[PDB]
Each structure stands twice: as structure tokens, then as C-alpha cells.
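Visitor: quick one: experimental structure and sequence below.
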Amino acid sequence: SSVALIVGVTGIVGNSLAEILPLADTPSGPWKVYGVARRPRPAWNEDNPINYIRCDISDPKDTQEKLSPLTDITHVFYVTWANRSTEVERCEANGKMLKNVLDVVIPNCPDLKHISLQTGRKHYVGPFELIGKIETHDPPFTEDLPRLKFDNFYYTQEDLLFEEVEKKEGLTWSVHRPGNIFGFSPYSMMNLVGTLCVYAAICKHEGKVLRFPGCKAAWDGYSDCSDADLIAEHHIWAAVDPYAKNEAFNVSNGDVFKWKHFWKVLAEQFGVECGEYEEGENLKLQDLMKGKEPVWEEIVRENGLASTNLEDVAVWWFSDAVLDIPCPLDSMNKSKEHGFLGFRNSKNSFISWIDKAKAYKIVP
Ligand SMILES: NC(=O)c1ccc[n+]([C@@H]2O[C@H](COP(=O)([O-])OP(=O)(O)OC[C@H]3O[C@@H](n4cnc5c(N)ncnc54)[C@H](OP(=O)(O)O)[C@@H]3O)[C@@H](O)[C@H]2O)c1
Ligand SMILES: C/C(C=O)=C\CC/C(C)=C/C=O
Ligand SMILES: [Ca+2]
Ligand code: NA
């Protein structure tokens with residue numbers, strides 16, 4: 001029987017894994033599912049038939065307590081991280097988090113088959129504070145080129161993963177590298193779609209034009225993205241397909257787009273006048289949206305929305321870090337050569353995730 005541990009179940013990918021793993025048509029099903037996060041279970045995560053567990057995986061004592069009784073786990077899906085002010089601090093905090101989970105699950109789960117680790121495109125472009133400032137390999141990024149000669153918590157987690165799986169014979173791993181994720185999660189630390197929806201809603205409320213808060217290269221250069229459900233399918237495929245074992249894979253939608261085109265779609269979905277890129281202007285959402293909490297409360301009250309905190313539902317720093325840089329492309333050749341043919345139309349994915357935020361009454 002298949003039993004999953006989703007580590008970060010209320011996250012942008014964890015929440016897709018919570019909806020997909022229990023479905024009857026899912027490979028290796030029927031799946032029993034345990035979902036871990038620190039907060040109490042939110043209302044928008046309830047619609048999934050998972051066993052929700054409150055646990056802080058940065059706490060070794062808490063991890064030992066909550067996870068040691070889950071002896072029936074066969075597959076681990078690790079979809080979480082902790083942000084710190086520098087990459088060296090991110091290596092320490094994220095290495096400990098992964099090690100705390102693995103040190104407990106491996107000796108306590110005799111039927112444990114696979115550990116799926118989510119990382120990302122920063123494997124190739126570098127940590128947040130070095131992006132655009134270092135020499136990278138040339139795009140499209142392929143999986144097995146050498147690591148950058150700078151600290152990166154993904155390299156720490158991979159090396160920890162490789163040495164952890166040695167403790168159990170027949171234990172396999174996979175690494176999943178998405179770019180910017182289009183998904184649903186009002187609790188995610190990095191939710192571009194959710195943040196853009198809140199921005200569009202505020203513009204509609206204040207009768208302002210939907211100004212583009214990014215650079216020229218993000219506006220009219222090519223971009224790509226990774227649909228959250230597609231990433232969830234990619235985790236599952238690697239977890240059950242023996243030809244996918246012990247490999248790192250990119251996971252992006254299979255097409256490209258331009259923010260210039262998606263700007264129309266976003267404006268049309270919230271009934272706002274479509275603004276554009278302005279050759280001046282250096283617009284930042286972190287600055288534009290400072291002190292909009294009362295305006296968000298007006299929007300919440302007037303449209304019968306779920307009660308959310310502006311700071312949870314709109315991570316302004318992340319939307320600015322995304323739109324103020326070029327989006328170098330990655331390659332899906334390794335995934336496709338291994339039998340994974342999943343893909344998404346990125347524009348349809350974008351509309352689908354906007355509509356999910358609306359359907360859960362997060363935005364108007
Ligand atoms: N989101 C993106 O656009 C994006 C793009 C590329 C790569 N990635 C990478 O994907 C990986 C996973 O991130 P994600 O974006 O999927 O995460 P996310 O959407 O921010 O979700 C994190 C999840 O883990 C939980 N969590 C956080 N800290 C925890 C802790 N100490 N103990 C237990 N649970 C904890 C969260 O709930 P609580 O806070 O309630 O605990 C939530 O359920 C990271 O390496 C990230 O860099 C993300
Ligand atoms: C390249 C791009 C947008 O244009 C967005 C990605 C920004 C990054 C790599 C943020 C960290 O996950
Ligand atoms: Ca990344
Ligand atoms: Na989709």
C-alpha cells in the first residue's frame with residue numbers, strides 16, 4: 001500500500017500533492033496521505049482527505065515526537081524551506097530541517113521506498129542575493145552541468161539527501177527543480193499568482209491602472225513557469241517510475257510566454273485598465289503597497305472574502321524579485337527522455353490559478 005508524507009502540505013506544491021495523491025486514477029494508488037505544517041489546518045486545505053499533522057521540522061524533539069509513530073510511510077515528498085537573510089544561514093536552517101525529517105523517517109519506516117526533494121531554478125542562477133551578479137552557465141539550463149562555486153542551500157540539501165539514502169538499501173531519491181510556480185496557497189512564502197491577484201484587486205478598488213512592477217526584460221523577454229499541479233505530477237512520476245530513480249529533473253510547463261501578454265489576462269480577470277511597462281519608472285510592489293492593510297480590509301469586507309492578512313496573501317518582495325530580472329529558460333529534455341510528457345499551456349494555467357484564488361474567496 002502507498003503512504004505519503006507531504007512535508008509542507010499547506011504550501012503551493014504541498015496543497016497540489018494533497019489534492020492529487022488521494023485521487024483514484026493516481027499511479028500507485030489508493031494513497032494514504034500524512035500532511036505536515038506548523039500552523040493549524042486552514043479552511044482551503046480541508047477539502048483533501050489527508051491526515052494533517054502539526055509539526056515544526058526545525059525542532060528535532062517535535063519531529064521525533066510527531067513523525068516516529070508514522071511507521072507505514074512508503075514515499076516522502078519534501079516541499080518546504082526556511083528563508084534567512086544570507087545564503088550561509090539558509091544552508092544551516094534548510095540542512096537541519098531536511099536532516100531532522102530523514103533521521104526520523106528512515107530508521108522508523110521499514111517500507112520506505114523513495115524521498116522526493118523539491119529545489120528549484122536557483123540551483124543554476126544562484127542564491128537570491130547573487131542572481132544577476134555572477135557568471136552562470138548559459139540557458140537553457142540542463143540538470144547535470146556543474147554547480148556554481150557559491151554556497152546554495154539546494155547543494156547542501158542534495159549532498160545531505162545522497163548520504164541519508166545510503167542508510168537504507170533500496171532507498172531511492174529524486175530532485176525536482178521548478179521555476180516560478182503558478183499555484184494556489186494563501187500560506188506560501190513565494191506565490192506570484194496570489195500576490196498579483198491581490199495587487200490587481202487593490203488597483204480595481206482604488207480605480208488605478210494595472211501598472212507593471214518589473215523590468216523591461218521581464219516584460220518583453222521570454223519567460224517560463226511551473227504549474228503547481230504539473231510539479232505535483234512530476235513528484236509522483238519520479239516517486240513510482242523505476243526509470244526515474246536517483247536523478248535530478250527540471251519541471252517547467254513546456255512552453256514560454258511574455259508578461260506583456262499575461263498583463264492583459266490579469267487586468268481582464270479583475271476588471272482593471274491594463275497598464276504597461278513604462279521606460280522610466282522602477283515600480284516596486286514593496287513600496288507601492290506599504291500601508292495598504294486598511295484598503296485590503298475594505299476589499300475583504302465589501303466582497304465577502306475569507307479574512308486574510310495582507311502580508312500572508314501578498315509577498316510583495318517575491319513578486320519584485322521575480323519581475324525585476326530576466327527569466328533564463330530551462331530544458332525539459334531530460335524529463336521527456338525519461339518518459340515524463342506532462343505539460344501545461346502557461347496562459348491557461350495562469351487563468352486557472354487566478355480563478356482558484358477567486359473560488360476560495362481569497363480575492364474578488
Ligand atoms: N514557490 C515558488 O515559486 C518556488 C519556485 C521555485 C522553487 N521553489 C522551491 O520549492 C521548495 C519548497 O517551497 P514552496 O515554495 O513549495 O513552499 P511554500 O509554498 O512556501 O510552503 C511551505 C510549506 O511548509 C510549511 N512549513 C514551513 N516551515 C515549516 C517547518 N519549520 N516545519 C514544518 N512545516 C513547515 C508551510 O506551513 P507553515 O508555515 O504553516 O509551517 C507550508 O505548508 C523550496 O526550496 C523553494 O525554494 C519554490
Ligand atoms: C527569472 C524570473 C523572472 O523574470 C524569476 C525567478 C526569480 C527567482 C529565481 C526567484 C527565486 O525563486
Ligand atoms: Ca528556486
Ligand atoms: Na494546471
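Guide: Ah, there it is. Residues are numbered from 1 along each chain as shown. Ligands and ions are numbered 1, 2, ... in the order given.
Visitor: show me what contacts the residue in the chain that ligand 2 sits nearest to?
Guide: Relative to ligand 2, the nearest point of the chain is residue 327 (3.4 Å; C-beta to the nearest ligand atom). In this view, the C-beta of every residue, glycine as well, is placed from N, C-alpha and C. Shown in contact with residue 327 (C-beta atoms under 8 Å, 6 or more residues apart in numbering): 179-180, 217-218, 221-224.
Visitor: count the residues that sit near residue 156.
Guide: The burial count assigned to residue 156 is 21, neighbours taken as other C-beta atoms under 10 Å.
Visitor: how many neighbouring residues does the closest residue to residue 184 other than its chain neighbours have?
Guide: Excluding the flanking residues, the one nearest residue 184 by C-beta to C-beta, 6 or more residues apart in numbering is residue 356, at 4.4 Å. Residue 356 has 19 neighbouring residues, counting by other C-beta under 10 Å.
Visitor: show me where the stretch 1-150 of the chain has its strands.
Guide: Remark: strands assigned in the stretch 1-150 of the chain by DSSP state E, counting those that start in this stretch are 2-7, 31-37, 51-54, 75-78, 114-118.
Visitor: of these, which is nearest residue 25?
Guide: Proximity to residue 25 (C-beta to C-beta) singles out strand 31-37 among those, at 11.4 Å.
Visitor: from the contact counts, what lies against the closest one?
Guide: strand 2-7, helix 14-20, strand 51-54 (3 or more C-beta pairs under 8 Å, 6 or more residues apart in numbering; DSSP states H and E).
Visitor: redo those as a markdown table? Include distance to residue 285 and mean neighbour count.
Guide: Formatted as a markdown table, these follow (distance: least, C-beta to C-beta, whole Å; neighbours: other C-beta atoms under 10 Å):
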| stretch | distance to residue 285 | mean neighbour count |
| --- | --- | --- |
| strand 2-7 | 29 | 26 |
| helix 14-20 | 23 | 25 |
| strand 51-54 | 32 | 15 |
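Visitor: which of those sits closest to residue 173?
Guide: Across the helices and strands packed on strand 31-37, residue 173 has its closest neighbour in strand 2-7 (14.0 Å, C-beta to C-beta).
Visitor: nearest residue to residue 83 other than its sequence neighbours?
Guide: Using C-beta to C-beta, 6+ apart, the nearest residue to residue 83 is residue 189, at 6.2 Å.
Visitor: and that neighbour, how many neighbours?
Guide: 15.
Visitor: quick one: it from residue 138, how far?
Guide: According to C-beta to C-beta, to the nearest Å, residue 189 stands 29 Å off from residue 138.
Visitor: so residue 210 sits against residue 267, correct?
Guide: Yes: in this structure, residue 210 is within contact of residue 267 by C-beta atoms under 8 Å, at 4.6 Å.
Visitor: please identify every residue contacting each of the two.
Guide: In contact with both residue 210 and residue 267: 200, 273-275, using C-beta under 8 Å, 6+ apart.
Visitor: if you rank these by neighbours, which is first?
Guide: Highest count within the shared contacts of residue 210 and residue 267 by other C-beta under 10 Å belongs to residue 200, 21 neighbours.
Visitor: in this structure, what residue lies closest to ligand 1?
Guide: Closest point on the chain to ligand 1, by C-beta to the nearest ligand atom, is residue 11, at 2.3 Å.
Visitor: that residue and residue 231: what is the separation?
Guide: For residue 11, the distance to residue 231 - C-beta to C-beta - is 11 Å.
Visitor: got the buried residues for stretch 290-298?
Guide: Buried residues in stretch 290-298, counted by 16 or more other C-beta atoms under 10 Å: 292, 296.
Visitor: enumerate the residues of the stretch 1-150 of the chain near ligand 1.
Guide: Within the stretch 1-150 of the chain, the positions lying close to ligand 1 (C-beta under 6 Å from any ligand atom) are 8-14, 36-39, 55-58, 79-82, 118-121.
Visitor: now, of those residues, which are buried?
Guide: 8-14, 36-37, 55, 57, 79-81, 118-121.
Visitor: give the burial count for residue 261, as a bare number.
Guide: 14.
Visitor: residues in contact with it?
Guide: Taking C-beta under 8 Å, 6+ apart, one finds residue 347 in contact with residue 261.
Visitor: done for today, thanks.
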